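Working notes, beginning with the structure itself.
4 protein chains.
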Amino acid sequence: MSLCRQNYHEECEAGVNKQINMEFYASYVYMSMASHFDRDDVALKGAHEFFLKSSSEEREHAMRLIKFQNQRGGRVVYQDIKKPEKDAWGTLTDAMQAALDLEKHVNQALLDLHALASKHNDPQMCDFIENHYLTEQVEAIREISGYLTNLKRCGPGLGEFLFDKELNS
Amino acid sequence: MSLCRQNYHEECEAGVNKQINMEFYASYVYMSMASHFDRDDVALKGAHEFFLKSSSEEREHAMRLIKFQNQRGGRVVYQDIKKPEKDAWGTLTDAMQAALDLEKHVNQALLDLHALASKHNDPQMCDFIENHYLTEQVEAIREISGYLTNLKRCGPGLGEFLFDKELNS
Amino acid sequence: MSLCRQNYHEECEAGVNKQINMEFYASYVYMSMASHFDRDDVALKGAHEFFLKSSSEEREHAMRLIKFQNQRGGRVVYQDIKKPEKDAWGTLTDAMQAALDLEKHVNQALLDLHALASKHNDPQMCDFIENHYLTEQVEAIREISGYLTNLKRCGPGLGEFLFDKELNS
Amino acid sequence: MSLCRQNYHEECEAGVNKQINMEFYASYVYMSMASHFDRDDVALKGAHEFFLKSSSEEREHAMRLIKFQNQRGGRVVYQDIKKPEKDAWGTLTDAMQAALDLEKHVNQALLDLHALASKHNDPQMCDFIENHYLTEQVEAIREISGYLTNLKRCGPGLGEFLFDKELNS
Ligand SMILES: [Ag+]
Ligand SMILES: [Ag+]
Ligand SMILES: [Ag+]
Ligand SMILES: [Ag+]
Ligand SMILES: [Ag+]
Ligand SMILES: [Ag+]
Ligand SMILES: [Ag+]
Ligand SMILES: [Ag+]
Ligand SMILES: [Ag+]
Ligand SMILES: [Ag+]
Ligand SMILES: [Ag+]
Ligand SMILES: [Ag+]
Ligand SMILES: [Ag+]
Ligand SMILES: [Ag+]
Ligand SMILES: [Ag+]
Ligand SMILES: [Ag+]
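Residue numbers (the deposited numbering), protein chains in the order written: chain A, 1 to 169; chain S, 1 to 169; chain H, 1 to 169; chain G, 1 to 169.
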């Protein structure tokens, strides 16, 4: 009766908790991509920066869902952040493909989370997700898709090096 | 045929009119809380300011729904703004509890209003409500909930005085 | 022969990988402490901010070890970031105690890592750790210890609320 | 009894003298690399600038060890700065490989010098070396290693030309 929870279904709460984990996970994947591209034998500084920034943004995404959980009076429950699937992510194209797949996985998760909120008639949650995640995911996915297109266009070797400069700066 | 109304159902219009009254009412409650806390024998200036600001914001909420009504080509119809339930709101905790209850009542009303708009497939109204009210209500409720938590933590007497300073400044 | 690795023992590399995980873990603990203190029923904003900042700094610590790993030509290998031990961290004192314990655990780990580097005659690694971690840990631990002292001094209730204001601002 | 020497072993002094020569030598190598890349028939201005800067920095490294020698009350003793091993350093990759080898040779020398100081319990010398040389060497080596990686990635011809632009600016 002194708590803030209102119109916030347990499934949604749990879906937010899952999404928190997912965003941390994606953060972690990108951290790993970043460090891969900062290997002396890979040495793609643009990719490194790009994936670091993506890692940091994923962390922010997580945190904003954490906040949301608290703002709705849910209870954040953390789970392990699983290690990413690979220790080495290949070429920039390989990693961008993996990133695209991750973002699509995150995006589906968010869409599922939105479907949850819509199912439970939580329009504030829906709005939150739309406002902070959905278009962002769309943008990210489109952006990575274009990267893949240009990576392919640029080709291996020099093209990769030059394309890599074009990430960020 | 020269009017702007389009896709704006009479129930929604009426729901906006009810919500207008509700926001004015909440404004009025907060006005009363404010004046209570500015009694010489209550004299909690932070609460006074906080509730005045909440009153003014509720008024703005009302006005924005008035505007919306007109922008959608509905017709604003005012009702009495009922006096608040109490003339004296007790301690800061008591008033914060009452505020929490009011905000939850407003919030449910808004959620009902959004459900109305969703039922009548008025996505512009839905968006309006989400954009201007829902998250705001969530924020308000969470904020007041935290106040209650801290009021309890701080305890009566000195704690109330000190907590009161922490509202606003 | 085109790689940068020099004087960087496999044990050290592995110790850095462990330390990376540990810093991420500590980051994660602090994230959880932060969100605990942002519960509507806990609502200690200073603690929230303090633990968020500690989480972010732990992340930076991790990242700097990631960087170091790459700068020394080791290979970062991530592991799961385990969920923290608790879902709810108690009072600010309880959490500060837990933080103190975590920082001491991190600190011992770092000291072990430094002992590793010293054992393997990796003075650059030693210096790195001393330059970026050791004094920082000392500072953190002392700082948290003082917090605990003041939390105790301040007492539960009002004291906790007031002490909480004194974290950060 | 009016001199400053204290806790500065003759071997260390001699090791500093050797290191001075080594840094001058490395300076000289880089000078030669620089001039190679400024040949009209080589004409890689980025490499030229990069190696000039590396030459100048190596000179500064030498000078700082000279200073250190004097600050510790040792006696600087110069030896011939031997001419570099090659008159022509090949492609940018070839020279970067040679640079990597030189920096690793310098780095080992410094590590040996640090081991000397540690053996003789000269922590000020150890610190000096750690503070001014070790991490710098690590950085240099990693940097050159990445260059080699990117030179390889970029390939001969156009890639070399483009990679060359990416040194410095
Ligand atoms: Ag819900
Ligand atoms: Ag990384
Ligand atoms: Ag992203
Ligand atoms: Ag919306
Ligand atoms: Ag919407
Ligand atoms: Ag309608
Ligand atoms: Ag008033
Ligand atoms: Ag309000
Ligand atoms: Ag080592
Ligand atoms: Ag948090
Ligand atoms: Ag810390
Ligand atoms: Ag000595
Ligand atoms: Ag020259
Ligand atoms: Ag150098
Ligand atoms: Ag040191
Ligand atoms: Ag040291």
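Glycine included, each C-beta is placed from N, C-alpha and C at the ideal position.
Check, Outcome
"Buried or exposed: which applies to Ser27 (chain G), given that a residue is buried once 16 or more other Cβ atoms fall within 10 Å of its Cβ?", "buried"
"Flag this pair as yes or no: are the beta carbons of residue 171 (chain H) and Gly46 (chain H) separated by less than 9 Å?", "The first residue shown for chain H is 1 and the last is 169, placing residue 171 (chain H) beyond what the model contains."
"With distance defined between alpha-carbon atoms, name the residue in S:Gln19, S:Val76, S:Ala99 and S:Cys12 nearest to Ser55 (chain S).", "S:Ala99"
"Cβ-heavy atom distance between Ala98 (chain G) and ligand 14 below 8 Å?", "no"
"Mind checking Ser2 (chain S): buried by the 16 CB within 10 Å criterion, or exposed?", "exposed"
"Just to confirm, are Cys12 (chain A) and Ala109 (chain A) a CB contact at a threshold of 9 Å?", "no"
"Just to check, is the beta-carbon of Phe50 (chain S) closer than 8 Å to a non-hydrogen atom of ligand 7?", "no"
"Quick one: Cα of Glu49 (chain H) to Cα of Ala34 (chain H), how far?", "7 Å"
"At what residues does the alpha helix (DSSP H) containing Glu85 (chain G) begin and finish?", "Run containing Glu85 (chain G): none; DSSP gives neither H nor E here."
"Report whether the distance from the Cβ of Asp127 (chain H) to the nearest heavy atom of ligand 16 is below 8 Å.", "yes"
"What does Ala140 (chain A) touch in chain G if you count any residue whose Cβ is under 7 Å from its own?", "Residues of chain G passing the Cβ test: none, with the nearest at roughly 26 Å."
"Cα-Cα, which of G:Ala62, G:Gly157, G:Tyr30 and G:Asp101 is closest to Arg142 (chain G)?", "G:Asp101"
"Take the Cβ of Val138 (chain A) as the centre, count every other Cβ of all protein chains shown within 10 Å, and call the residue buried at 16 or more, exposed below.", "exposed"
"By a C-beta neighbour count over all protein chains shown, 10 Å radius and 16 as the cutoff for buried, is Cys126 (chain G) buried or exposed?", "buried"
"In three-state terms, what does DSSP make of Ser169 (chain S)?", "coil"
"Apart from the five residues on each side of it in sequence, which residues of its chain come closer than 7 Å, Cβ to Cβ, to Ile129 (chain A)?", "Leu110, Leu113, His114 and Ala117"
"By Cβ distance below 6 Å, which residues in the same chain neighbour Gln79 (chain S) in space, the five residues on each side in sequence not counted?", "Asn21"
"Restricting to Cα atoms, I'd like to know which of A:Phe161, A:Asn17 and A:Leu134 is closest to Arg75 (chain A).", "A:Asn17"
"Give the C-beta separation of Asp40 (chain H) and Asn131 (chain A) to the nearest angstrom, bearing in mind that I take them to be a contact with Cβ-Cβ under 8 Å.", "Not quite, the Cβ-Cβ distance comes to about 21 Å (not below 8 Å), so this is no contact."
"Against chain G, does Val42 (chain A) count as a neighbour if the rule is that its beta carbon must be under 9 Å from one of theirs?", "yes"
"Which residues of the region 52-83 of chain A have a Cβ closer than 8 Å to any Cβ of chain S? Give them in chain order.", "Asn70, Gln71, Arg72 and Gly73"
"Would you check whether ligand 11 has a heavy atom nearer than 8 Å to the C-beta of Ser54 (chain H)?", "yes"
"Which residues bound the alpha helix (DSSP H) around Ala43 (chain S)?", "Run containing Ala43 (chain S): none; DSSP gives neither H nor E here."
"Could you list the residues in the region 8-37 of chain H with a C-beta less than 9 Å from some C-beta on chain S, going in chain order?", "none"
"Under 8 Å between beta-carbons, which chain S residues line up against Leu116 (chain A)? List them in chain order, please.", "Neighbours of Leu116 (chain A) on chain S: none; closest Cβ ~16 Å, over 8 Å."
"Going by DSSP in three states, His36 (chain S) sits in which element: helix, strand or coil?", "helix"
"Apart from the five residues just before and just after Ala88 (chain G), which ones in its own chain have a Cβ nearer than 7 Å to its Cβ?", "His36"
"Would you kindly work out how many angstroms separate the C-alpha atoms of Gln6 (chain H) and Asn150 (chain A), rounded to a whole number?", "36 Å"
"Quick check on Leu65 (chain G): buried or exposed, where buried means 16 or more other Cβ atoms within 10 Å of its Cβ?", "buried"
"Please state whether DSSP places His105 (chain S) in a helix, a strand or coil.", "helix"
"Compile a chain-ordered list of the residues in the region 150-161 of chain G whose CB is closer than 8 Å to at least one CB of chain A.", "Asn150, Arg153, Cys154, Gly155, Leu158 and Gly159"
"Hey, does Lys45 (chain H) have any beta-carbon neighbour from chain D nearer than 9 Å?", "Structure shown: chain D not included; protein chains present are A, S, H and G."
"Which first and last residues belong to the alpha helix (DSSP H) in which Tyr147 (chain H) is found?", "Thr135 to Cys154"
"Beta carbon of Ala34 (chain A): closer than 8 Å to some heavy atom of ligand 2?", "yes"
"With a Cβ-Cβ cutoff of 9 Å, do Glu103 (chain A) and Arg59 (chain A) count as a contact?", "no"
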